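Fold and geometry: a report
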Amino acid sequence: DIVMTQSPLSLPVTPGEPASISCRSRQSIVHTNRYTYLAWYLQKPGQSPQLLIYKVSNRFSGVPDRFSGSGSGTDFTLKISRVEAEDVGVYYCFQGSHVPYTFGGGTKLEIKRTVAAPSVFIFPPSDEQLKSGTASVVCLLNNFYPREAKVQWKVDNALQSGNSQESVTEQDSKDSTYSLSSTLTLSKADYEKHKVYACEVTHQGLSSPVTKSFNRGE
Amino acid sequence: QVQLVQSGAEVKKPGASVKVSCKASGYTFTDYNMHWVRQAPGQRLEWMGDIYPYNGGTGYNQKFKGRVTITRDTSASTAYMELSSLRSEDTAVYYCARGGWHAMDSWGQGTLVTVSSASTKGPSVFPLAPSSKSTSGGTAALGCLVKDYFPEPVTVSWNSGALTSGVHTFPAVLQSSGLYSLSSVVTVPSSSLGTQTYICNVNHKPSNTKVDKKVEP
Amino acid sequence: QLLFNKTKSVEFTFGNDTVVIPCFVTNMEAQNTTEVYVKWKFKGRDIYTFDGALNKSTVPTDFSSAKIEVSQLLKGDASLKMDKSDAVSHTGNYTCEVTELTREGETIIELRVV
Ligand SMILES: *[C@@H]1O[C@H](CO)[C@@H](O)[C@H](O)[C@H]1NC(C)=O
Ligand SMILES: *[C@@H]1O[C@H](CO)[C@@H](O)[C@H](O)[C@H]1NC(C)=O
């Protein structure tokens, strides 16, 4: 197996700026035929891989002129004129000379946007699940940037730990944004003991703490 | 339209075997070469083999020596891939990949097979109803939450594919008892919450459960 | 993974003011010349290459007469046409290597005294 190394593993770039990804191989990938088949792929967030560059520098049908590949034998480099919000994802180099064919580690591309304020929502538990003996309360922050966001839970002005879980999406291929939904889980008995359930959120885009709340049975 | 459709996700116990389909449409099956690619955490993607549907010739990755068999059927334009004696190393998304001798140019959905000895459990789904507390400046948020299911994946669509703008389906988190949990949310106008209806479709194929839930304010 | 209508050998004479080395592809799916890349060789290196992405014909000094017709490159025909000048000079095993995007096949054909 021919190892292939890429660098970096993550590349912060603001759209409109170049971005170069290199992928080197221990031993050359030149075939007897005197061709070297190195193919560049990208796995879009949520979508199966797609081809951009085949044979070092020949682009695929439908790829913009802005994706160009170069390199010889040992060293190779994938360059783009400018990145756009549509280019988010992780990129792979792939060798097509010696069996077995191998892939690279993967250089993940991230888009640098301006500051975006979260929109905060909270969801009381469904009546069909309080009939099951459980009560989960969902706080969600939606399309904020950057991803660094703090979510604190308060039940009767008391702060909670040990009963929370968090979940953040991928970056969006159009508006370069993330969102996160925090799941707080209770038993039905311990839920019918308190009144106010609050969701405290702090993030750089907020002027000040945002607190979303509801009272049980309202 | 060049399109490759494979089978659904599977569950197997270690020591068993799995056979993943890949039906091809939009092109002539034997005109291209077809590859098989898998992404297993936390390793690189691994080319496992190829098959040329005209002659039936094959070439494999000897990493899988003695346990992979790539087969062919031109009567149905479907290529197959069998992986025997499974372990926790093989649980991954298997990609059927069409292309030439040394590159793939179009790929399929992906097949996630989970090798485990735990029992498969059907999801339970609950409305996340929109409320006075979930409205912000004329915009309203609603969704469903899919809880206590194993293994992965769960697929969540809204209004059977007619609503995709503003959909945010989160990655599943794992609970202490070993089951997964993910929440699907979408943003809609709050003016029209009484005239329109939003139905989540949640499908978890390993256990063959298809439940559809309409959420009301 | 490209297929051809094979032709083992072709014969020329001195009456032949020009010569053709047939090469036909039965399953090429390219709709434009940007996607096609042809490479002809004879006992070694590339007598003729046509880079469809740049539409640049390249010919050695000793094969300045060799050419293909691009107006039927999409129809599957990429047959070299030269003259007896560089045909009598060069007789032997010629190879037709055609590439359309990621796929690629090849074939070879053989190139009468009084
Ligand atoms: C087969 O090759 C011959 C060679 O001249 C050509 O005339 C014919 O058109 C080819 N077959 C098809 C179906 O094109
Ligand atoms: C070249 O010679 C071949 C072999 O006889 C013949 O079929 C062909 O017609 C000749 N070409 C021309 C232009 O006469």
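Residues numbered from 1 in each chain as written, not as in the entry; some residues may be left out. Chains lettered and ligands numbered in written order. Heavy atoms only, no water. Residues with missing side-chain atoms left out of burial classes, pairs and counts.

Looking at the method and resolution fields of the entry, one finds X-ray crystallography and 2.8900 Å.

**Thoughts on the overall build of chain B**
Per the secondary structure count, chain B includes zero helices and 20 strands. Referenced to the eigenvectors of the C-alpha coordinate spread, the extents of chain B come out at roughly 65 × 40 × 30 Å. Partitioning the intrachain contacts of chain B with sequence separation of at least 6 by distance along the chain shows that 57% fall at a separation of at least 24. (Helix = DSSP H or I, 4+ residues; strand = E, 2+ residues; numbered from the N terminus. Contact = heavy atoms within 4.5 Å.)

**Digging into the domain arrangement of chain B**
Reports often express the size of an interface as the amount of accessible area lost when the parts come together. Residue and element names in this part refer to chain B. When cut into domains, chain B gives domain 1 (2–113) and domain 2 (114–217). With centres defined by C-alpha atoms, the gap from domain 1 to domain 2 works out at 30 Å. If you look at the interface, domain 1 gives 11 residues, while domain 2 gives 10 residues. For the side of domain 1 that touches domain 2, the element with the most residues is strand β2 (residues 10–12), which contributes three residues. Split into classes, the residues belonging to the side of domain 1 that touches domain 2 amount to six nonpolar, one polar and four charged. (Domains from an automatic or database assignment. Nonpolar A, V, L, I, M, F, W, Y, C, P; charged D, E, K, R; others polar.)

**Overview of the packing of aromatic side chains**
Look at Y35 of chain A and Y37 of chain A: their rings are 6.2 Å apart centre to centre, the planes differ by 45 degrees, and that puts the pair in the tilted class. Arranged with centres 6.0 Å apart and planes meeting at 35 degrees, the rings of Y149 of chain B and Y180 of chain B form a pair that is tilted. Residue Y149 of chain B is located in strand β14 (residues 139–149), and its partner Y180 of chain B is located in strand β18 (residues 180–189); the two are separated by 31 residues in the primary sequence. Through successive ring pairs, a cluster of aromatic residues spans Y41, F94, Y101 and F103 of chain A together with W47, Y95 and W107 of chain B. Note that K63 of chain B overlies the ring of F64 of chain B, its terminal NZ or CZ placed 5.4 Å from the centroid. Geometry around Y32 of chain B places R103 of chain C over its ring, the cationic atom sitting 3.9 Å from the centre. (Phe/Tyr/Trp six-rings, centres within 6.5 Å; stacked < 30°, edge-to-face > 60°. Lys NZ or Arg CZ within 6 Å of the ring centre and 35° of its normal.)

**Overview of the state of the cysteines**
In a disulfide, the sulfur atoms of two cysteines are covalently bonded to one another. Through a disulfide, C144 of chain B is tied to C200 of chain B; the S-S separation comes to 2.0 Å. Taking the torsion about the sulfur-sulfur bond, which here is approximately -100 degrees, the covalent link between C144 of chain B and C200 of chain B counts as left-handed. Placement of the pair is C144 of chain B in strand β14 and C200 of chain B in strand β19 (residues 199–204), with a sequence separation of 56 residues. Here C23 of chain C is linked by a disulfide to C96 of chain C, with a sulfur-sulfur distance of 2.0 Å. Looking down the S-S bond of the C23 of chain C and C96 of chain C bridge, the torsion is -80 degrees, so its handedness is left-handed. Of the two residues, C23 of chain C is situated in the loop between β1 (19–21) and β2 (36–42) and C96 of chain C in strand β6 (residues 93–100); the sequence distance between them amounts to 73 residues. Numbered in order of appearance, the disulfide-bonded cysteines of chain B are paired 1-2, 3-4. (Disulfide = S-S within 2.5 Å.)

**Here we look at the interface of chain A and chain B**
With 40 residues of chain A at the interface, the matching set in chain B holds 39 residues. Elements that contribute at least two residues to the side of chain A that touches chain B include exactly β4 (38–43), β9 (89–95), β11 (119–123), α1 (127–130), β12 (134–144), β15 (164–168), β16 (178–187) and β18 (210–215) of chain A. Of the residues forming the side of chain A that touches chain B, the biggest block, six residues, is contributed by β12 of chain A.

**Some remarks on the pairing of strand β3 (residues 46–51) of chain C**
Residues and elements named next belong to chain C. Taken together, the five bridges between β2 and β3 define a ladder with antiparallel strand orientation. Paired with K39 across the bridge in β3 is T49. Pairing between β3 and strand β4 (residues 56–58): three bridges, direction antiparallel. Its bridge partner lying in β4, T49 is registered against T58. Counting the residues in the hairpin turn of β3 and β4 gives four residues, including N55, whose phi is positive at 50 degrees. (Pairing = 2+ DSSP bridges.)

**Here we look at the interface of chain C and chain A**
Contacts between the two partners involve six residues from chain C, matched on the other side by eight residues from chain A. Residue composition of the side of chain C that touches chain A, by class: two nonpolar, one polar and three charged.

**Details of the pairing of strand β9 (residues 92–99) of chain B**
Residue and element names in this part refer to chain B. Strand direction decides the pairing type here: strand β4 (residues 33–39) and β9, joined by seven bridges, are antiparallel. Across the sheet, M34 pairs through a bridge with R98, a residue of β9. Of the strand pairs in this sheet, β9 and strand β11 (residues 111–115) are connected by three bridges, and their pairing is antiparallel. The residue of β11 that forms the bridge with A92 is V113. Alignment of β9 against strand β10 (residues 104–107), held across three bridges, turns out to be antiparallel. Of the residues in β10, the one forming a bridge with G99 is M104.

**Some details on the environment of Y94 of chain B**
All names here are of chain B. Within the element layout of this structure, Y94 appears in strand β9. Sequence spacing of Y94 and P127 is 33 residues, and the spatial spacing of their C-alpha atoms is 33 Å. Not counting residues within four places of it along the chain, the set of residues in contact with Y94 comprises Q6, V37, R38, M48, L83, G110, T111 and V113. Here the side chain of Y94 touches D90 through a polar contact of 2.5 Å, landing on its backbone oxygen. (Polar contact = N/O pair within 3.5 Å; in protein donor to acceptor, adjacent residues only side chain to side chain.)

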